[PDB]
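Given as structure tokens, the chain that follows is alone and in the form deposited in one PDB entry.
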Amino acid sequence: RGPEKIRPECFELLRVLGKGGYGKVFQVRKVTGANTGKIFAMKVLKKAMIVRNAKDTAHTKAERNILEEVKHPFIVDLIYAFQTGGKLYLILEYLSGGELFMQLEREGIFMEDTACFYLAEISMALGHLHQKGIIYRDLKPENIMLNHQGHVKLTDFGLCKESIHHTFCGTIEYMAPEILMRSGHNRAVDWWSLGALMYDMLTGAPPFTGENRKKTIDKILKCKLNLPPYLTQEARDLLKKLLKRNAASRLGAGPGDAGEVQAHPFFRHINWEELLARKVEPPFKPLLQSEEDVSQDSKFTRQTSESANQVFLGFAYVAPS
């Protein structure tokens, strides 16, 4: 006995949840120890092509550091981390609630009262990250997962889920103008992202789009905001204050940050203490018939100089409690 080793054989692969790129995400079942039978998401980085670029190494290690030090109800929980020769493994909680914005297609549009709830939850996660000097940067609708209870969970603090290739890699439609033209980034970028995510929640589409890439960049830089006439005056005001070309003029850009954004009349009905405690019932509680329940194409299961390696030293992790 002693502490549990925790290597790849401790987990059996149930199915693919996503694949890059620099690796793949599996739904797994713990098969050894007192945890035997518990469902997790397992992130597997192909580590031999991460060390070939500094910025990718930076993100991989930042992630591993952030998921250890940062623990928040609206952020994905890291349970185990370990490495095997050529591979990096992150064991995280299986978020059986799937993508939040997958509900959009089903709902058509989210109502403000609904959108407000989830936005309040995202803003709380953003608040905590900024408190710890972390800025997300490219926050997309796809980054917002949901736990088993239907509450928000921020994911993807890692490298890039894309196979193509890192702004401009994948989809750019939710990124602040200052990130696009690559001229400095700060906390304000995340409040833009919040605005863009809000607009998508309430219109089913991102604020500015184009037929091609060049036109899309231009449409964002021009920042000609079109607001649908079905939006309340409070929602109209928040989007106008969140989506400004000038990052300084943006809401939350100042030292007030999240609390400032959270003070907007749009959130006037949110009990923040209850929200953070998750006592508030979420508008989409998913119904699950087992712990290993999937509702999110994915199908077909595989893998669970030289010595210049000092980068992922101390990579191994097991989470408190």
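Position 1 is the first residue in the sequence shown; the rest follow in order. Only residues modelled in both forms are compared. In this text, rigid core is short for the largest set of C-alphas that superpose within 1.5 Å between two forms.
The form deposited in another entry is left out here; the points below concern that form.
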So which residue among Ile179, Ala247, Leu129, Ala115 shifts its CA at least 2 Å between this form and the one not shown once the core is superposed? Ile179
Relative Cα spacing, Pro177 and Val189, in that other deposited form - shift of 3 Å or more: farther
Which is it in that other deposited form for the CA atoms of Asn147 and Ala176, closer or farther than here, knowing they shift by 3 Å or more? farther
Regions of at least 3 residues displaced between this form and the one not shown by 2 angstroms or more (CA, core superposed): 20-22, 158-162, 170-184
